[PDB]
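I have placed the structure first, in the form of C-alpha cells, so that the comments after it can refer back to it.
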Amino acid sequence: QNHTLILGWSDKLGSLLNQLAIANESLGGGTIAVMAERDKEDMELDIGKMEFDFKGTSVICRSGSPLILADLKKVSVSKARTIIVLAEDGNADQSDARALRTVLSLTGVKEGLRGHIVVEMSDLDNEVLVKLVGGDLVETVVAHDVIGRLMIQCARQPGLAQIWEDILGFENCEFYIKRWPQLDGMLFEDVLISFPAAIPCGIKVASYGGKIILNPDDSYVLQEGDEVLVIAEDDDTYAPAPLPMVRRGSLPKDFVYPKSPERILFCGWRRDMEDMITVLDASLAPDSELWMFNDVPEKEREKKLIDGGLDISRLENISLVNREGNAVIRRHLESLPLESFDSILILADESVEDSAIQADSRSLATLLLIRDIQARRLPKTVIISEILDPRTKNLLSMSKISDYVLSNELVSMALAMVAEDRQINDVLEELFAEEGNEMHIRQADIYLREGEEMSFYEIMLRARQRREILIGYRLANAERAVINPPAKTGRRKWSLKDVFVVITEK
Amino acid sequence: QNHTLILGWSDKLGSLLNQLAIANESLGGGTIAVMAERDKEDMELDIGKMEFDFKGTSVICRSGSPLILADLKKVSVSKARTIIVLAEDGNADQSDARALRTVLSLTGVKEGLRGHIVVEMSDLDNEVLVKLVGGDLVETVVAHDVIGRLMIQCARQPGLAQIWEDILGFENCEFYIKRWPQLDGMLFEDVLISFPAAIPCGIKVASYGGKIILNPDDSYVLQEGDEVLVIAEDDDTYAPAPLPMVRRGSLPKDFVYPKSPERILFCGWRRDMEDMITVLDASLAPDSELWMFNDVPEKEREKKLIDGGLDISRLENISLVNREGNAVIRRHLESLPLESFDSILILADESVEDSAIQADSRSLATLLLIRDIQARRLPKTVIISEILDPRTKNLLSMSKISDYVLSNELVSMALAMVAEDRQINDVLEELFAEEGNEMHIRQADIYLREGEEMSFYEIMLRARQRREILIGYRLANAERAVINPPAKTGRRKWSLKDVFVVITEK
Amino acid sequence: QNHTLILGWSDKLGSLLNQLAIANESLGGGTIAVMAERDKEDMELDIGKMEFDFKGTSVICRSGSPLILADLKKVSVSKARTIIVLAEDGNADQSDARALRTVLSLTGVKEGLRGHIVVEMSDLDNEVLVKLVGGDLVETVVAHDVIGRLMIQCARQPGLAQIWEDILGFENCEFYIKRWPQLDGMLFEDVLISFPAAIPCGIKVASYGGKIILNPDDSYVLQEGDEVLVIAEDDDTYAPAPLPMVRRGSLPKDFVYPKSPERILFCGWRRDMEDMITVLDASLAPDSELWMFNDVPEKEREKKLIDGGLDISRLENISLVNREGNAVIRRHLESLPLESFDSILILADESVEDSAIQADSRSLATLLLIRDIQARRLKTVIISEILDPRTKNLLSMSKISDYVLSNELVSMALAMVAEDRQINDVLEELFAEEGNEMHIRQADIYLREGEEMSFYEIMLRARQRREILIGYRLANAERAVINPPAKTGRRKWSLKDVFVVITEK
Amino acid sequence: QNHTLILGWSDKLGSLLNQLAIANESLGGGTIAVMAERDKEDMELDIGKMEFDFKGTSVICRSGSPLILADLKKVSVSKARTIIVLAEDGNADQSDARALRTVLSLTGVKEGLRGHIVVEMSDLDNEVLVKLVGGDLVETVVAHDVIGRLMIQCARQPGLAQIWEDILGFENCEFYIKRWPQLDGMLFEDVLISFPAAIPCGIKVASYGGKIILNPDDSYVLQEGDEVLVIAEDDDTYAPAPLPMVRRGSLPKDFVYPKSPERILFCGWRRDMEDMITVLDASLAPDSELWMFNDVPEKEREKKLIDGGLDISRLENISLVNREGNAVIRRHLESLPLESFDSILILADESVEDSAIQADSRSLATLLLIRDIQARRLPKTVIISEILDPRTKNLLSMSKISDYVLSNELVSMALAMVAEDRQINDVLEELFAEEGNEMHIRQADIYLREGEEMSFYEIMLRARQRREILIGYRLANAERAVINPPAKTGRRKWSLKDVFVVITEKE
C-alpha cells in the first residue's frame, strides 16, 4: 500500500509520528501502520491523545508480535515502503536481541519487501550483527551512542541542540539530494556559491557508485550524472544561479589557537562511558581535562573501562581525573569547580536507565541543585542534561539560560529521515561520528576581524582554506538562530564576533 | 468560575475534601474538581463511599494526568481559584518527583493561571527544588516532617494534638484576617482586648508590604490599611467592641524550676527520623536518654541514619539506645522497660510508610500491647502513636489510653487552609518550626497563685509579660481544652492543676 | 434478612461454604454473602469452580472492603446473623492486624450488629486485642498452633485426624447443646447412659452463668435451666430414654507404663514452629532426638527461633539436630536417615502457607519421595499437612502411605462457631494442651481379651478414669466410629481395638 | 471418539500439534483437544496463527483446569485415545509438581481412562513419582536432560542433531514395530539383511512380555510371537525379502586408540548443568579443560554445583575454568579465547528457559558475536546452539544455515511418538540415556580401507562384528545424512571422508 510500517512501541513513537506526518503533509495523504504486542484499545487511545496534529495522516494500530509471519501478513509488510523497528523500552540487551530477531523475521518473508528496514539499536557492538543478517534492506540507527555523541557537540559548543532539531526536524530544514545537469563540470568551490536559497555541502559520485562524499575537495569537478546534497526549507528551492563575485580575502590565521581550556564535567554513569570518552578525544590537545562523577568505586570503573577496550595508555587528547560522589545529595556536588567547567553534563545512568520516570527525575533534580547551589555560593557556565521521556522533553517550558535538554526526539527524527531517504543515513552516520566530518561552530579565532562587512559566501570561501563548508549564522541575540537564509547571500551588515556554524574535520 | 482543583489521589483526599466542604459551607456550597490517572467511574464510586456530607459542595472526577495540557484544560486549570498538588502514597521521592513535574507542567500552561498552587511535599530536601520552580505563585506544605515534629511536642505536652486539630480544622475557630478601619492608631496590647468574640494573634503590617508578624511587641501602633489576624468562630461572628475595663495588675511569680532529664522511646523506624532525633535533642534536658525499638538491624541503623546526613558527633544531651524486634509482637515489647520511659512515641515504620491502614494497624497493635503489658505486669505513661487512617475517626477508646494522637488529617487541614488564604502557610511554618513563635501548654502556677479569682482578659495581660499570647485553657477535670473562650471579662477561680495554652516565643 | 456474612477471601472459603451449606439444608436453604477486595465476576467464577453442593443455599459476591461502611451496608452487616472475618493471605502479623482493624470497623456500625463476629487469627497473643475492641461481639478462632500440636498428637495416635474431621464437620456428627427438663435432678453418670442415640460430653450450668463445663463430675446434679452438650448425628435424632441395665465391671488392670526415646523428623519450616518444639519436648522421654530438615540456613535458624522466644537450655527431654536442604530433592532426602525415625511430619512451609496448591504440591512430593526412599533402603509414622482436602480425595482407594491432616479443619471450626458461639468454648478446651483433650487409647487399658460387654459398660469403665468414652475403632476398621448406634448390646472385644476418649491432662 | 487430548499449554505445543497432524494424515484425519487455563478465543487465535497445514486434523480449544473433574469431562478425557500433560512457565520443580497433581487428578477419574498418559517431565528424579500414582497408564518423557545430553554428543560428532530430527520426526524416518510370521526361526544377523526398504534395529520378545531389546546378539533365533523393530519410511513401505548373497568381510584394520585432550566452552548456565559436566567428564580424555561463560557469579557456582551432587575433586579427566560476563555484550565475549575451543556449546540460560523466544534470541546474538569475533581476529571450531522456535530460527530466505543447532522441537516429536505407540518409549528411554546402547557417528576407517568398493549390507555385517547396527551414512560432500538407504545390495566407491551412523553398545 506504499505505507510506512512501525514495529514495537516506545516513548519515541509519538514524536516519530509527528515527523512522518510532516513529511507526508507535502505529498498528500499518509498511512502509518503501528503494530506491537499490545491492546488495539491501548494503542489507539495513546495515539488519539498526542499533542500535535497529523496533517493528512492516519495511524493503524494493530496487535501482534513482529516475530509471527501472520501478524506481518496483517500489516502488508511485503508492501510497506519502510519498516521501522523501534527499540524496546527497558533493558538494552532485551531490545537488541528482539531487534535482531525482528530483522531475522523480516528476512523470513518469502515473497520479499518493497522497502528497507530502519532499526533502532542501543549499542555500537551489536550493529554489525544486524547488518550481517539483513544485509541490503537494513539501516541501523545506534540511538544511545548517537545521543551521547551529539551531547558532546551541544555541550562543548552551546546552542547546537536547536540546530540539530531544525536540520533533522522536517519543519524548518532537512537534507535533499538533487541532480542538476548544469553543474557537472563545475568546480566545487564554484558549486557551493552557485546556490542562493540553499547551501550544497554533499556530493553523490557515480564513479564511486552513488557514494555520498561530504566536504569534497574543491578542485574536483564531477560527472554528468551526479547529485548534490543541499539544505533548504523544502525540496524545491532556487538553485542554481549565476556565480556571484565574492571578495576573496585572507584569514587572520591565529596559528597558536592558544586558550582551549575545555575543563568538562560528567554528572552521570552513562550506560556506555567508553563511547563518550572516546568520541571526546577529538576536542583539543593541551591537557584537555575531563571529570567523571562516578557514584561507583574507582577500582571498579577502571575495570568498566578495560571492558570497553579503552586504554588510559592510548587516549591522546585528554588525560582525565576521577571523583566519587552522589548526584541527589547536595554536599557531594558542592565540592567541584562547577564555575570552572566550560560544560556540565547531567546524564541518566546505568542504574535506573530503563525506568523512564526516575532517571529523568534525577536529571532535573541535579540541574536545580546546581543552579541553586551556585546562586548561593557567589558573594556563568554551560549546563546540559539528558531527558529520556518525550513528555519531559516537551517540558521545555523554562526558557532560561540553562535550558539545554536533549530530546531523544532527535533519535525519532533520525528514524524519520532514514525512513524517507536511506542515503541520508550514510550522511548522519558521518556527521555524528567524530571521524570524517563533523559540525562545529566557532572553530577558529577570527574568521572575522575588526567588524568586516564580508558576505556569507566570502566567508565560506575564506574558511574553506581549513576544509570547512559554512552552514549557519547566529546573532548577538540568544534563543534564536537561522540556518542557510534564502534572502541575501551577499550583504554588507551583520554581527561582529564569531556566530559561525560549519562542517569541518578534526 | 472559581473552583478548587485537586491534582492526584492519596489517602488524605477525603479529609481534604471534608475540610474544603466545611469552608464552602459558609458560602452555601462550592465546587471541587479532582483529576488523577485513574478511572472516572471508580473515582466517583470512591467519592460515594465517603461517610461525610459535602454541604452543598460538588466533587467532579476527571481521568487525566496533570502533565498533559489538554487534561488541564478539561478541568479548567486556568479558571481554577486554587490548585492542590497532593503527593502520591508510594515513595517520598516518587511523590516528590511527581510534584516537581506537576509544578513544571502547571507552569507550562500558555494562558496562565488564575489562582495559586499548594504543593504537598514529602521531604524537606526535595522541597526546596519545588519552591524554586514555583517561585511567585506556589505554596509548599511539608508533610512527613511536620508530623514528626508535632508528635514529640504532643508527647511532652499532653493534649496538644486535639488543640491543633481544632485550630487548624474548619470545624470551628479557624484563622481570620480582616481590615477594621475603626481600629487604627491603637497600641496592639489594647487591640487584643478590643475583640470580645475573638483573640488577636498577629498583625499583617501594610508598612512591611503585608508580611504577617506573629506575636508582635505591645508597643506596635496600628497603621492605616493594617489588618488583624485573629481566632474567631465564623466570618461574621466577630467584631470589635470598646475596650473592657480590666485589671492590669502584676501577677508574676518568678521563682523558677529547673528542668529534668527525661527518657523517651521511639517505636519503629521512621523515614527522615534523623530530623526527629535532632529535634528531640534540642527539646530535652541534659543527661536524657532516647530508646529506639526498630526492626532495622543495628549494623544498618548507624549507616542508614548517618546516610540521612546526621552527624552523631553533633549530639548534645541525648543518649542513644538500640533494640531490635517487631513492634506488633508482644514478646518483643515486653523486653523493654516500658514503665521507665517518660514518654513513648509509636511511629509508623518506614518499612510500611506507604500503606496507610496497613501501617496504622501495626501501630494500633503496638499501642494495645504496650498498654496491656503495663496493666498486667504491674503488681499513666504518656503514649502518642502515629495514625493515618479513618481508624481514629471511630475513637472507640477512652481517655485512659491517650488514644488522642497525631493524624494525617492535620496535613489535609493545612492544605485546605493554604488553599483558602496563602500567607497562612508561612504562619504555620514559624508556628511549627522552632524558629519564631510556637504553641505551648503551661502550668497554672506559672501565671497565678492557687485559688486566685480573675478573668480571661487579665490572664492574657499577665501572659503578655512573657511576650506570650493566651489562646486558651484546659481545666483540671475537663476532657477538651477551650480555645477562644466566650466569657473573657468574667471571673473564675483558677486551680493549680489547670493548664493554659499560649503562643510563646522560643 | 438474617444471613451469614464473610469478610475476606482465602483458600478456606470453599470448605467453610460447604459446612455452612450442610448446616442450612435442614431449614430448606440459607444465604451467604462474600465481600472482599476482588472482582465480583471473578469471585462468582471462583464459586462456580467449587465441586460441592449448596443444598438450597445462595451465595452472594460483592466487591468491597470490610473497612468502609458503605460496602458493609451493601452486604447488610447490621441484619446479618453472623460475621466471619477470614485471615486473608499474606504476612501472618499483617493478616492479624487487618483482622483487628476489621473488628474495629465492625464496631463502628451505627445501627449495630444483630449477630456475633467470628475472627480467624494466626498469632495467639493478639487475640485479647481483638476481644478488647470486640468485647461481647467477638469470637476468635486461633487454630494454627493447636493444629501443629495435633500433628504431634497424631504421630502417637495415628487415626486422630479423621476423628477431628468427623466431629468438626457437620456431616458425620456434631456437638449439640439442648435443654432437657426431663433430666433435671439426675446425677450426670446417669445422664451419660440416658441417651441411646447420643453421647453426653458436657453441661451448660445456669448457676455458673452459662459456662459449659466439659467432662463434668458424675456427682453433678442437674439444675433447672442446665443444658446437655452431646455428640450426636443430627438435631432431632437424640432424646433421653430410661436407663439401660449395665454391668459396672470395674476391672481395669494397671499395666506397665511404656516409655521410649523416640526420633522425630520435621520437614519444612512452619510458622511458630518453636511452639511445636515446646509442645513436643513435654511429650517425649529423655535422650530423644528431634531432626529438622529445613531450607532455612542452619545459621539463621537459631535467631529465627529465639525471636519466637524459645530457650534451648530449659527444654530438656529432646535434643535438636539441624539439617539443610530442599524437601523436594530426592538426593537431599537420601542424605537423612529416614528409616530411623519413629515419626516424620511433613509440614506446610511458611513460604507457601498462603497458597494452597503450591504448598500441597511440595508436601505431596516430599511424602512420595520419603516413602520411595524408605522402600529402596531399609514401621514409620508419617503425617502430612495439606491445605486442599481435594488432595486427600484425589488420593483415593486407601493408598495407606500417609496419615494426613488439613488446615481446612479451621474452616469447619469457623462454621461451628458461626452457628452456635457457645461451642467455641468447647473447642478451646479441647484444642489447648491445658484442660481436656481427645485421645486414642489401647484396648488393654479398659478390658481383658475376649471380654463380652456393651459400649455403655466400657463407657462407665472409662468414667472410672475421668474420661468420656465417645467411640471406638475396631482392629480391622479404617474409619473410627463416633457415637456408635449399638451401645446397649454385648460384643466380644480384642486387645487390638482402640477406644476414643475425652480425657483430662 | 478416540481423540487426542493435551493438558496444558507451552511453547512446544504447536510443533507437537504438527507432528500429530502428520500422523493423522495416514489415518485420513484426526481430532485434537486442547484444554488449558487460558482464554478460548486467544487459544484459537494462536492456533490460527500457526503456519503449517493440519492435514484434516481439527483443533478444539477449551478453557479449564485438568484438576477439576468437570473440565476433564467437558473435554471427554475418558474417551480420549491419549493424554499429553505438558509442563510450562515455572521452575522445573514447580512445573513437575503441576504435572504430578495433574496425573493424580487423571487417576481420580472414576469412569476410567481409555488411553494412556504421556507426561513431560523437567527433572529426572520425579519420573518414579509420576509412575507411582499412575502405574501402568503413565509414560514419562524426561525432556530437559535429553536436549542437554544430546548437545554434548553433537559437539563431538557434528550433524547428529539433524539425524535425531529425521528419525524422531514422522516426515522422513520412523521406528516401526511389526510381526512377520515369515521370519520365524531366523538368526537375527539374517533378519538384519532381510529388509531392503528398512533397517531392522530391535526385536519385540514375547518371552519377556513385550520388552524390546534394541541390539540383540547375532546368535538370537526369533521365536513365535516376536516382533521386529525397524527404521522405515512408513508402516506399509517395508516388507521382508529373500536373503541377498553378501560378502562376509573382515574388519579392515585394528588401530592404536589415540585420545586427544579437547577444549570445550559452555555459554550460559543451564539447569542441572552438573549433569552435563559429569557426562562430559566421562566422555573426554585426561588433561582436558572445560570453560564455562555464564553470568552466575563464581562464588554461587560452587553452591549451585554441590547441591546437584557434583564433587569437583571426583572428576578424573576434566579441569574446570570459570568466566563471568554477559553473553549478548560483545566486549565480555572478546575476553574469551574463542578461536582455540575444540567445541562450543551455546546453551539457553536457565533464567530464560521458560521464556521461549528470549533464550534463542540471546543464543543467536551470542553465536553471531562469536563468529564475528572469530572473523575479525585472524592472521573450523564446532559450534552448537540451543534454539527453541526452530523452523523460523533456521532462516530459509538468504540461503543461510545455522551452525549445527539443536531444537526444543525434539521434545514435541518424542511426545508425539509416545502418544501414538507407547511401547516405543522404551526404545527412546534406552537410546537417550547413556545406559545400554546409543546412536553414534563413526569415522569410516574403522569399518573399511580407503577406496574399497563394497555395498551397504557388507559394511553393516562388518559392523555386526563390533555389536554395532549400521543404520545410515553421510557422504563426504553431503549436507544431510542418508538413513535407511534405498540401494543396500549395491556397491559404491567409499571414501575415508564418509561417515557412518550406527547404534552401538556403550563399551
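Within each chain, counting starts at residue 1; across the C-alpha cells, chains are named A, B, ... in the order shown, with ligands numbered 1 upward in that order.
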Define the interface residues of chain A facing chain D as those within 8 Å, counting only C-alpha atoms, and report them as a short mmCIF file (atom, residue, chain, number, x, y, z; two decimals) with N, CA and C atoms, in the first residue's frame.
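Wrote result-v9.cif, looks like this:
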data_model
loop_
_atom_site.label_atom_id
_atom_site.label_comp_id
_atom_site.auth_asym_id
_atom_site.auth_seq_id
_atom_site.Cartn_x
_atom_site.Cartn_y
_atom_site.Cartn_z
N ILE A 68 5.86 -13.05 14.17
CA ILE A 68 4.90 -14.00 13.62
C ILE A 68 4.59 -13.60 12.19
N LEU A 69 4.82 -14.52 11.25
CA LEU A 69 4.65 -14.20 9.84
C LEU A 69 3.22 -13.79 9.53
N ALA A 70 2.24 -14.32 10.26
CA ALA A 70 0.85 -13.96 10.01
C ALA A 70 0.56 -12.53 10.45
N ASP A 71 1.06 -12.14 11.63
CA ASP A 71 0.88 -10.77 12.08
C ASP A 71 1.53 -9.78 11.13
N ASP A 93 19.86 -4.97 26.31
CA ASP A 93 20.11 -6.29 25.75
C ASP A 93 18.82 -6.93 25.25
N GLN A 94 17.73 -6.78 26.01
CA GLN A 94 16.43 -7.28 25.55
C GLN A 94 16.02 -6.59 24.25
N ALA A 97 18.35 -7.87 21.34
CA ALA A 97 18.02 -9.24 20.98
C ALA A 97 16.71 -9.29 20.20
N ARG A 98 15.67 -8.61 20.70
CA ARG A 98 14.40 -8.60 19.99
C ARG A 98 14.53 -7.90 18.64
N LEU A 100 17.29 -7.90 16.65
CA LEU A 100 17.91 -8.86 15.75
C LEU A 100 16.92 -9.93 15.34
N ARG A 101 16.10 -10.39 16.29
CA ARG A 101 15.10 -11.40 15.98
C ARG A 101 14.03 -10.85 15.04
N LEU A 104 15.57 -10.76 11.56
CA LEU A 104 15.53 -12.12 11.04
C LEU A 104 14.14 -12.47 10.53
N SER A 105 13.12 -12.22 11.36
CA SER A 105 11.75 -12.48 10.95
C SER A 105 11.40 -11.74 9.67
N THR A 107 13.45 -10.91 7.29
CA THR A 107 14.08 -11.64 6.19
C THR A 107 13.29 -12.89 5.85
N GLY A 108 12.66 -13.51 6.85
CA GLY A 108 11.92 -14.75 6.67
C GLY A 108 10.70 -14.65 5.78
N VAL A 109 10.26 -13.44 5.41
CA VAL A 109 9.15 -13.30 4.48
C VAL A 109 9.59 -13.79 3.10
N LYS A 110 8.85 -14.77 2.56
CA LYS A 110 9.31 -15.46 1.36
C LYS A 110 9.17 -14.60 0.11
N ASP A 125 28.25 -2.25 19.32
CA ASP A 125 28.80 -3.57 19.03
C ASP A 125 27.80 -4.45 18.27
N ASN A 126 26.53 -4.42 18.68
CA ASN A 126 25.51 -5.29 18.09
C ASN A 126 25.13 -4.86 16.68
N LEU A 129 26.02 -7.10 13.80
CA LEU A 129 25.20 -8.31 13.76
C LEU A 129 24.02 -8.16 12.81
N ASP A 307 36.85 -3.15 30.10
CA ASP A 307 35.83 -3.94 29.42
C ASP A 307 35.52 -3.37 28.05
N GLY A 308 35.32 -2.05 27.97
CA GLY A 308 35.14 -1.40 26.69
C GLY A 308 36.36 -1.37 25.81
N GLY A 309 37.47 -1.98 26.24
CA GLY A 309 38.70 -1.97 25.48
C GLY A 309 39.47 -0.67 25.53
#
What residues in chain C have any atom no more than 10 Å from chain D when counting only C-alpha atoms, and can you write them as a list in words?
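Taking only C-alpha atoms into account, residues 49, 50, 51, 325, 326, 328, 329, 330, 331, 332, 357, 358, 360, 361, 362, 364, 365, 368, 369, 372, 390, 391, 393, 394, 395, 396, 397 and 399 of chain C sit within 10 Å of chain D.
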Using DSSP assignments from the backbone, pull out every residue in stretch 399-459 of chain B that falls under helix (DSSP H, G or I) and give it to me as a ChimeraX atom specification.
/B:399-401,409-420,424-432,456-459
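Using only C-alpha atoms, the protein and nucleic acid residues lying no more than 8 Å from stretch 253-270 of chain A, apart from those fewer than 4 places from it along its own chain, are residues 156, 284, 286, 288, 289, 290, 291, 292, 293, 294, 295, 327, 340, 341, 342, 343, 344, 345, 346, 347, 348, 349, 350, 444, 445, 446 and 447 of chain A.
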Give me, as a list in words, the contact residues of chain B against chain C at a cut-off of 9 Å, counting only C-alpha atoms.
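Listed by rising number, the hits are residues 48, 49, 50, 51, 325, 328, 329, 330, 331, 332, 357, 358, 361, 362, 364, 365, 368, 369, 372, 391, 394, 396 and 397 of chain B.
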As a ChimeraX atom specification, please: all residues of stretch 259-435 of chain C that backbone DSSP puts in strand (DSSP E or B).
/C:263-267,288-294,318-324,343-346,381-386,403-406
Expected file: the selected residues, N, CA, C and O atoms, as a short mmCIF file (atom, residue, chain, number, x, y, z; two decimals), in the first residue's frame:
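As written to disk, again14.cif reads:
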data_model
loop_
_atom_site.label_atom_id
_atom_site.label_comp_id
_atom_site.auth_asym_id
_atom_site.auth_seq_id
_atom_site.Cartn_x
_atom_site.Cartn_y
_atom_site.Cartn_z
N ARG C 263 12.52 -40.80 67.88
CA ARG C 263 13.19 -39.97 66.90
C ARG C 263 12.14 -39.40 65.96
O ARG C 263 11.34 -40.15 65.37
N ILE C 264 12.12 -38.08 65.84
CA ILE C 264 11.10 -37.36 65.09
C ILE C 264 11.80 -36.51 64.04
O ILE C 264 12.92 -36.03 64.25
N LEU C 265 11.14 -36.34 62.91
CA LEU C 265 11.64 -35.50 61.83
C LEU C 265 10.61 -34.43 61.51
O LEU C 265 9.42 -34.73 61.39
N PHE C 266 11.06 -33.19 61.37
CA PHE C 266 10.21 -32.09 60.93
C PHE C 266 10.70 -31.63 59.56
O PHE C 266 11.81 -31.10 59.44
N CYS C 267 9.88 -31.82 58.53
CA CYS C 267 10.21 -31.39 57.18
C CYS C 267 9.59 -30.02 56.92
O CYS C 267 8.40 -29.81 57.18
N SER C 288 15.90 -38.34 73.70
CA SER C 288 15.21 -38.40 72.42
C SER C 288 15.78 -37.33 71.49
O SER C 288 16.40 -36.36 71.92
N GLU C 289 15.57 -37.52 70.19
CA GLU C 289 16.15 -36.64 69.19
C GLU C 289 15.07 -36.10 68.27
O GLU C 289 14.17 -36.83 67.85
N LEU C 290 15.16 -34.80 67.97
CA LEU C 290 14.27 -34.14 67.02
C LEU C 290 15.13 -33.64 65.88
O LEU C 290 16.01 -32.78 66.07
N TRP C 291 14.88 -34.16 64.69
CA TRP C 291 15.59 -33.77 63.48
C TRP C 291 14.76 -32.74 62.73
O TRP C 291 13.53 -32.84 62.68
N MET C 292 15.44 -31.75 62.15
CA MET C 292 14.76 -30.69 61.41
C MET C 292 15.47 -30.46 60.08
O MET C 292 16.60 -29.97 60.05
N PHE C 293 14.78 -30.79 59.00
CA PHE C 293 15.28 -30.69 57.63
C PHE C 293 14.62 -29.49 56.99
O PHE C 293 13.50 -29.58 56.47
N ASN C 294 15.32 -28.36 56.98
CA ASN C 294 14.74 -27.12 56.51
C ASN C 294 15.61 -26.48 55.44
O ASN C 294 16.83 -26.66 55.43
N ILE C 318 14.14 -33.36 74.75
CA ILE C 318 14.57 -33.53 73.37
C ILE C 318 15.97 -32.96 73.18
O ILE C 318 16.43 -32.09 73.93
N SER C 319 16.67 -33.49 72.17
CA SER C 319 17.91 -32.92 71.66
C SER C 319 17.72 -32.62 70.18
O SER C 319 17.16 -33.44 69.45
N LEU C 320 18.22 -31.47 69.73
CA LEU C 320 17.96 -30.98 68.38
C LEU C 320 19.09 -31.32 67.42
O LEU C 320 20.26 -31.20 67.76
N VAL C 321 18.71 -31.75 66.21
CA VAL C 321 19.65 -31.92 65.11
C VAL C 321 19.12 -31.13 63.92
O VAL C 321 17.94 -31.24 63.57
N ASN C 322 19.99 -30.32 63.30
CA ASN C 322 19.62 -29.43 62.21
C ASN C 322 20.24 -29.93 60.91
O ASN C 322 21.40 -30.34 60.89
N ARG C 323 19.46 -29.88 59.84
CA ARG C 323 19.93 -30.27 58.52
C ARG C 323 19.29 -29.33 57.50
O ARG C 323 18.13 -28.93 57.65
N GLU C 324 20.06 -28.99 56.47
CA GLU C 324 19.64 -28.03 55.46
C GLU C 324 19.52 -28.71 54.10
O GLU C 324 20.34 -29.56 53.73
N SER C 343 8.83 -41.12 63.98
CA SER C 343 7.75 -40.40 63.31
C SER C 343 8.31 -39.26 62.47
O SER C 343 9.34 -38.66 62.80
N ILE C 344 7.62 -38.97 61.37
CA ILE C 344 8.01 -37.94 60.42
C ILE C 344 6.80 -37.05 60.14
O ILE C 344 5.69 -37.55 59.95
N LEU C 345 7.03 -35.74 60.13
CA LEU C 345 5.99 -34.75 59.94
C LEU C 345 6.36 -33.85 58.77
O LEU C 345 7.27 -33.02 58.88
N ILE C 346 5.66 -34.00 57.65
CA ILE C 346 5.80 -33.09 56.52
C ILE C 346 4.92 -31.87 56.80
O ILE C 346 3.69 -31.97 56.79
N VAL C 381 5.73 -43.85 61.28
CA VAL C 381 4.57 -42.97 61.24
C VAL C 381 4.90 -41.75 60.40
O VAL C 381 5.95 -41.13 60.58
N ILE C 382 4.02 -41.41 59.47
CA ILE C 382 4.24 -40.26 58.59
C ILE C 382 2.95 -39.47 58.52
O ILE C 382 1.92 -39.99 58.10
N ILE C 383 3.02 -38.20 58.92
CA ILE C 383 1.88 -37.31 58.92
C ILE C 383 2.17 -36.18 57.96
O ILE C 383 3.30 -35.68 57.89
N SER C 384 1.15 -35.77 57.21
CA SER C 384 1.34 -34.74 56.20
C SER C 384 0.32 -33.62 56.33
O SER C 384 -0.89 -33.87 56.39
N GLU C 385 0.82 -32.38 56.35
CA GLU C 385 -0.03 -31.20 56.40
C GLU C 385 -0.44 -30.81 54.98
O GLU C 385 0.41 -30.49 54.15
N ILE C 386 -1.74 -30.87 54.70
CA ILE C 386 -2.25 -30.50 53.39
C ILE C 386 -3.20 -29.32 53.56
O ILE C 386 -3.83 -29.14 54.60
N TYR C 403 -0.72 -40.70 57.01
CA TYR C 403 -1.78 -40.19 57.87
C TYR C 403 -1.74 -38.67 57.72
O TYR C 403 -0.70 -38.03 57.95
N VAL C 404 -2.86 -38.09 57.28
CA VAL C 404 -2.86 -36.74 56.73
C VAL C 404 -3.85 -35.88 57.51
O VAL C 404 -4.80 -36.38 58.12
N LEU C 405 -3.61 -34.57 57.47
CA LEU C 405 -4.49 -33.62 58.16
C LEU C 405 -4.34 -32.26 57.50
O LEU C 405 -3.27 -31.91 56.99
N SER C 406 -5.44 -31.51 57.49
CA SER C 406 -5.52 -30.29 56.71
C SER C 406 -5.84 -29.08 57.58
O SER C 406 -6.38 -29.19 58.69
#
Residues within 10 Å of residue B:53, only C-alpha atoms, excluding chain neighbours under 6 positions, as number ranges by chain
B: 17-18, 21-22
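For residue C:11, the non-local neighbours within 12 Å, defined as residues at least 5 positions apart in the same chain or in other chains and counting only C-alpha atoms, are residues 16, 17, 46, 47, 50, 86, 87, 88, 89, 353, 354, 355, 356, 357, 358, 359, 386, 387, 388, 389, 390, 406, 407, 408, 409, 410 and 411 of chain C.
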For stretch 170-180 of chain D, find every residue with an atom within 6 Å (counting only C-alpha atoms), except residues of its own chain fewer than 3 positions away, and show them as a list in words.
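Listed by chain and then number, they are residues 166, 167, 183, 227, 228, 229, 230, 231, 232 and 233 of chain D.
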Keeping only N, CA and C atoms, write the selected residues as a short mmCIF file (atom, residue, chain, number, x, y, z; two decimals), in the first residue's frame.
data_model
loop_
_atom_site.label_atom_id
_atom_site.label_comp_id
_atom_site.auth_asym_id
_atom_site.auth_seq_id
_atom_site.Cartn_x
_atom_site.Cartn_y
_atom_site.Cartn_z
N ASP D 166 15.38 -36.24 11.98
CA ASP D 166 14.74 -37.03 10.93
C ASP D 166 14.19 -38.34 11.49
N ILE D 167 14.92 -38.99 12.40
CA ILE D 167 14.45 -40.27 12.91
C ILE D 167 13.23 -40.09 13.82
N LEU D 183 9.60 -64.69 9.01
CA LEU D 183 10.95 -64.72 9.58
C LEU D 183 10.97 -65.39 10.95
N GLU D 227 8.15 -59.74 17.55
CA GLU D 227 8.02 -58.71 16.53
C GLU D 227 9.37 -58.02 16.32
N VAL D 228 9.53 -57.41 15.15
CA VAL D 228 10.78 -56.76 14.75
C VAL D 228 10.62 -55.25 14.86
N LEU D 229 11.65 -54.60 15.41
CA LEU D 229 11.77 -53.14 15.47
C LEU D 229 12.71 -52.69 14.38
N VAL D 230 12.26 -51.75 13.56
CA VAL D 230 12.92 -51.40 12.32
C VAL D 230 12.84 -49.89 12.14
N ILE D 231 13.76 -49.34 11.35
CA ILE D 231 13.67 -47.97 10.87
C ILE D 231 13.16 -48.01 9.44
N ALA D 232 12.04 -47.34 9.18
CA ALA D 232 11.42 -47.40 7.86
C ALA D 232 10.73 -46.08 7.57
N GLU D 233 10.30 -45.92 6.32
CA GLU D 233 9.59 -44.69 5.94
C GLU D 233 8.18 -44.69 6.49
#
Tell me which protein, DNA and RNA residues are within 12 Å of residue C:482, counting only C-alpha atoms, leaving out same-chain ones fewer than 4 positions away, and put them as an NGL selection string.
:C and (160 or 162-168 or 172-175 or 197-199 or 230-233 or 440 or 455 or 468-474 or 486-487 or 499-502)
